[PDB]
């Protein structure tokens, strides 16, 4: 029933499908850009991290990002975004997670990602021009779930595979 797992790759996912990502290591989970007004990379941060600056490879280049994770026990997925090519990266929409799963979707002129704290997650979005043609690079195994089955994706984010 569940469509996957697919191996790490860059492709152009259809609109109104969730890319359910199953990372195993801390670090960059997924990234995508329209090359004009949106870059988004999701970073997975370890439980229990006091403010510190780390180096991440985002869109092929080293970037210094100051990260934290206030939770003693839960993972933190962070959307690191910029809105112009040479802009600074800013952090939004944290998901605190036990199951270690995330998902991203292209929908209605935006990129959506999961947010909040498992097991009661919600979603939030980032307006993105030419949203439909955004290529996503997965750095881990992933699955594909139609928006019609969002309740299934939400259950996976909340409770695991």
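Numbering follows the first chain given and starts at 1.
For the pair 87-95 and 74-82, the mean B factor over Cα atoms is greater in 87-95. In this entry, the higher average B-factor at the C-alpha atoms falls on 64-72, of the pair 120-128 and 64-72. Per the PDB record, 133 has a higher Cα B-factor than any other of 42, 113, 133, 50.
Ranking 107, 38, 100, 54 by the C-alpha B-factor listed in the PDB entry places 54 at the top. Residue 154 sits in the lowest third of its chain by CA B factor, as recorded in the PDB entry.
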